[PDB]
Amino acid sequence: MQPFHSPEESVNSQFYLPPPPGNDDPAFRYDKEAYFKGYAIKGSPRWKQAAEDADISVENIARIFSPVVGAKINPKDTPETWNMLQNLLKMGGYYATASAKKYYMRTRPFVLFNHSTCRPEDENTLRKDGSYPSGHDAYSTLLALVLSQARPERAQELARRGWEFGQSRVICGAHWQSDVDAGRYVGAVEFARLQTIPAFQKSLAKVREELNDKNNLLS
């Protein structure tokens, strides 16, 4: 599997995004209220939901989205969809966010307040990485849009799932609300950039075939 494009062929997120809020901004006051709101329900089911949502491995991504698109997603039955899930992680999670991330190097909520997140295993990786904008949310957003393109029949369920991911990220404590909001817009910009890349069109054509194949449909 070969990347749809290079880091330099992402749209420069540092150019189009506004800077992140300072501790004096009303948007930061919202950021921290939303953080403590999420932290207040530690241990609960919704919190456990958020730990499940928070894993960005392709296996987890597949298990979450499969019931949503209404088709099997696994390396055997849907090999191209499986590659597409991973290709879009690199494109949307890393390439699309990278220059704004590195520019601002925004400090994560859990580090600032000395708490643990809903997913302690990932914490040390996340410390080294600028919060803003959220690459996780750029990724889950791009994913929802591509899958909506391949399976328009399930667009409304895909868009709902795409929104809910953001609520999970805020609850898990590794992103601020404002990271999530900027991440969503980044995911749409990358989605638009992918439409003009022939390799992406070629792979989407096969994904559409896999997910609409009667043999792959659920239930």
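Numbering starts at 1 and follows the sequence shown.
Student: Out of 166-174 and 38-46, which one has CA B-factors that are higher on average in the deposited record?
Tutor: Result: 38-46.
Student: Select between 156-164 and 47-55 the stretch whose C-alpha atoms have the higher average B-factor in the entry.
Tutor: Result of the comparison: 47-55.
Student: Comparing recorded Cα B-factors across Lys101, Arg108, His136, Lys128, which one is largest?
Tutor: Among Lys101, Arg108, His136, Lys128, the PDB entry lists the largest C-alpha B-factor for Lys128.
Student: What third of its chain, lowest, middle or highest, does the C-alpha temperature factor of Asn114 fall into?
Tutor: It belongs to the highest third of the chain when residues are ordered by C-alpha B-factor.
Student: Select lowest, middle or highest to describe the third in which the CA B-factor of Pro120 falls within its chain in this entry.
Tutor: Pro120: CA B-factor falls in the highest third of its chain.
Student: Which third, lowest, middle or highest, does the C-alpha temperature factor of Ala27 belong to within its own chain?
Tutor: Its C-alpha B-factor belongs to the highest third of this chain's values.
Student: State the tercile, meaning the lowest, middle or highest third, of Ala71 with respect to the CA B-factors recorded for its chain.
Tutor: Answer is highest: the recorded C-alpha B-factor places it there.
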